[PDB]
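# Close look at the chain arrangement
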Amino acid sequence: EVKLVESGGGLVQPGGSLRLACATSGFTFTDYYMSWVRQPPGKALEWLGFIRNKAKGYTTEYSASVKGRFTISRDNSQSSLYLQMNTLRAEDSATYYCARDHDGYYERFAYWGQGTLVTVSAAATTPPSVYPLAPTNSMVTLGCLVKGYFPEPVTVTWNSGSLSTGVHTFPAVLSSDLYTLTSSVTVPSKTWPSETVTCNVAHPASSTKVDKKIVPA
Amino acid sequence: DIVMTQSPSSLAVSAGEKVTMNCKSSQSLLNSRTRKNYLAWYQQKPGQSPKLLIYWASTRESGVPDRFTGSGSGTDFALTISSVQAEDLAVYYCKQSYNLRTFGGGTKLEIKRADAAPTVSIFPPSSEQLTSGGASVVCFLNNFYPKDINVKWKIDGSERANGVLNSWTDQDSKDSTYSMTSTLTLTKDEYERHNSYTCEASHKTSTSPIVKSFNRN
Ligand SMILES: C=CCO[C@@]1(C(=O)O)O[C@H]([C@H](O)CO)[C@H](O)[C@H](O)[C@@H]1O
Ligand SMILES: [Zn+2]
């Protein structure tokens, strides 16, 4: 089955460079153009360039906004695609997507990867502190406070994914160069605290993995 | 060079209602050889990657519900949704591929639903945060409509408005509600100078605020 996976994202200082990778699988790589697209948070998609397939001899095209500053290349032995990024500025901060492009027939980006987030900031990587939010009704609501990390993103799960419904993860807010966000989970008052509830938080920037059990006050 | 404007920037519609969003090109995207328009539509749900909906203006991609119809030609194109479902919450992008690739700025589609009151939960600082010298007080206002909502923090009956950060979720894809988080941050010391902590929720669903309180007790 078709897969596309971006990697390499994270914090880079302004003026800095960074290369992203895009691993693929489940389709015949050399037959396809491959595209990179970005998206500043809360903003529009932007196509940046492609590298054509084997029929057209793997040539590259670029959007005027990155032409000369960004470089695309593929490794056909590995079914892998790259974006070399130079001389980064704040407006380069964005989620980056690889996408399967033209194949000769169809005009469609049939598949996209999950994207990887790039932050261009002089600010320093900071690991999050994770705090339990513990409190009557028939439903009860718990949370984890993920405070003071940088850069984005973090992930939050509840009981290693097995608690998926009734979960609200709130968008992080920025302050003094530290992000802060929370996640709430609603469960039957029947079940808590008779049954453990734990949030699992990750901050890849800092290789941080935190488990925090919500224990009654 | 190819410029894509999309219209409107945003709108809200009730479930079942019909929806039309438009896509202008600065030039024709009709390829006379293939007699097709090189224009695609992508759906991008909150937190998700862009997914292909329509290519060659009119062609619906497999899996895609028939309620989604792509229309138009030349420089004017339209994505119609004939009977909108809650799941349809997303930003929709048009993109030309007649001359490289260019995305439009997007149409953000929100869902209208009946007014619903917020469930409100308040949470005192964890002892972990406290021993480290900080005090975040957190309040969840979950699953309400509409989005517009005012929070008041009151300490010993007096409104404090500094140290307060608020965060709204994207609209929920199932029940079409919104949730909001509000965190008031203090030093442990300041936290210890006061007795009563109150999250006051003011929503048009009731003339009376929802009031959740705890005592540093
Ligand atoms: C002979 C194929 C050319 O394909 C490309 C290409 O590779 O350059 O050019 C096409 C134009 O319609 C040609 O006039 C399409 O934009 C296509 O997606 C692709 O960008
Ligand atoms: Zn060329």
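Let's shift gears to the pattern of salt bridges. Counted according to the given criterion, the structure contains 19 salt bridges over all chains. A salt bridge links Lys212(A) to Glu128(B); its shortest N-O distance comes to 3.1 Å. Of this pair, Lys212(A) sits in strand β18 (residues 208–213) while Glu128(B) sits in helix α1 (residues 127–131), each in a different chain. On the basis of relative accessible area, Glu128(B) is assigned to the partly exposed category, the value being 38%. Between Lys188(B) and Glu192(B) there is a salt bridge whose closest N-O contact spans 2.9 Å. Here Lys188(B) pairs with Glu192(B), and both are found in helix α2 (residues 188–192), just four residues apart, close to one helical turn. Judged by relative accessible area, which is 24%, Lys188(B) ranks as partly exposed. Each of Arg38(A), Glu46(A), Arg69(A) and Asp92(A) takes part in salt bridges that share partners, so that together they form one network.

So, about the domain arrangement of chain B. Residues and elements named next belong to chain B. According to the domain assignment, chain B consists of domain 1 (1–113) and domain 2 (114–216). On a C-alpha basis, the centroid separation for the pair domain 1 and domain 2 is 38 Å. Contact residues are listed per partner, giving eight residues for domain 1 and 13 residues for domain 2. When domain 1 packs against domain 2, close to 900 Å² is buried across both sides, 44% of that on carbon and sulfur atoms. In this assembly, domain 1 and domain 2 are joined by zero salt bridges. Counting across the interface, domain 1 meets domain 2 through three residue pairs in polar contact. Tallied by class, residues from the side of domain 1 that touches domain 2 come to four nonpolar, no polar and four charged.

Criteria and thresholds
- Residues numbered from 1 in each chain as written, not as in the entry; some residues may be left out.
- Chains lettered and ligands numbered in written order.
- Heavy atoms only, no water.
- Residues with missing side-chain atoms left out of burial classes, pairs and counts.
- Salt bridge = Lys/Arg side-chain N within 4 Å of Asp/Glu carboxyl O.
- Helix = DSSP H or I, 4+ residues; strand = E, 2+ residues; numbered from the N terminus.
- Buried < 20%, exposed > 50% of the residue type's maximum accessible area, 1.4 Å probe, protein only.
- Domains from an automatic or database assignment.
- Contact = heavy atoms within 4.5 Å.
- Buried area = accessible area lost by both parts, 1.4 Å probe.
- Polar contact = N/O pair within 3.5 Å; in protein donor to acceptor, adjacent residues only side chain to side chain.
- Nonpolar A, V, L, I, M, F, W, Y, C, P; charged D, E, K, R; others polar.

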